[PDB]
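Here's a solo chain for you in structure tokens, the form deposited in one PDB entry.
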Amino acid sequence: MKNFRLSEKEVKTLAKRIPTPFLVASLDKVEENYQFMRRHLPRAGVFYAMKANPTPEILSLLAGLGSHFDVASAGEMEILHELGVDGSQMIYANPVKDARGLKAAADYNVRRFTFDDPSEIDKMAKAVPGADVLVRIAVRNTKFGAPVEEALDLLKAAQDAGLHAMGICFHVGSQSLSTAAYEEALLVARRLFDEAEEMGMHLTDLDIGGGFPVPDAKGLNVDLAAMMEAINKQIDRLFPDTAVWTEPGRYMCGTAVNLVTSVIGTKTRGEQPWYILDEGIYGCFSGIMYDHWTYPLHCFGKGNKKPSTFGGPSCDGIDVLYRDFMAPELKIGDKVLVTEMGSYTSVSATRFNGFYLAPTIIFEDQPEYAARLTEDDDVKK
């Protein structure tokens, strides 16, 4: 249940060697998150929604743990391919596919697809003649998902075009707090499954999507073990027959990555001090824009705190990260730490203003980790 968190001392030593900004990712935490899911939701096979974090070391580890991968483009398939993951470990789960992506699915023998529209059926059919498809249905909690009444018709239309109608999928939405939606959506899919059998169509797989929460600036309301055991139980209650899958994205790596950034300018105009950092809204803090997210920031200061503004290194007036944030006095060259940074962060970073992408350093390859290990082998036994 710990979030991966560098101590102040670890930030000092790392920053002596590696110029800021940089990200630090713990493979151990990614392993722990995966195993925790497998323990509390044993009925659900895992399609890592790699769109959240595609770091190759992270992908190699999950592949090694037996995870499967949800891929949304040619590029996601391509990077998996260079790590020796085969198309049989993938689902092309973008409901609307481009030419490049259909080619790649064909070339790497990807054989599972999701879809939510009639227009999609011929693209898939031509590209991958015999192919398992799941229909995506729109559940409650716009752009994606077929209305629940179209669902059986879309699967039948898919069989008439020579594709194998394998099942149903859905996604409750990202950062879900309550299990209700998961259980509502499981019922909605239950109805459809019955209606299908009697219709002379036998559906074998259910994909319940992602949405498992991660802690943000205010932390986490939910207990995840319960949440997962609950939904696991109501899977058992409803789908004894059926092969069920989940597509975690945010959950897998969100609590496994920290950002380390230096203060590079101060603006003590008053009333409120502005601290300018070396990572900004055009880099890792892009999730403020695209993910409506608020990240936990840690300032390492002795003095009393005061309302402070943080901004990014760019020349754009939009590059403001925090306002009215209670912070001690910082000076140029101080490090701040941002935790819970592994998801929908570096995947939307840019080279706006010519800045370099912040690199991801694998913590387990560093002496700070060796130091944690020697500290742990002494105290625990």
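The term rigid core refers to the maximal set of C-alpha atoms that superpose within 1.5 Å between the two forms. Numbers follow the displayed sequence, beginning with 1.
Same protein, other form: the form deposited in another entry, not shown, and the subject of what follows.
Here the rigid core is superposed between the shown form and the other one, and of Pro118, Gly75, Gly173, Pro296 the C-alpha of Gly173 is the only one to shift by 2 Å or more. In a rigid-core overlay of the protein, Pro129 has its C-alpha displaced by under 2 Å between the shown form and the other one. With the core held fixed, the Cα of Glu198 is displaced between the shown form and the other one by 2 Å or more. Relative to this form, the distance between the C-alpha atoms of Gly173 and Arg39 is reduced by at least 3 angstroms in the other form.
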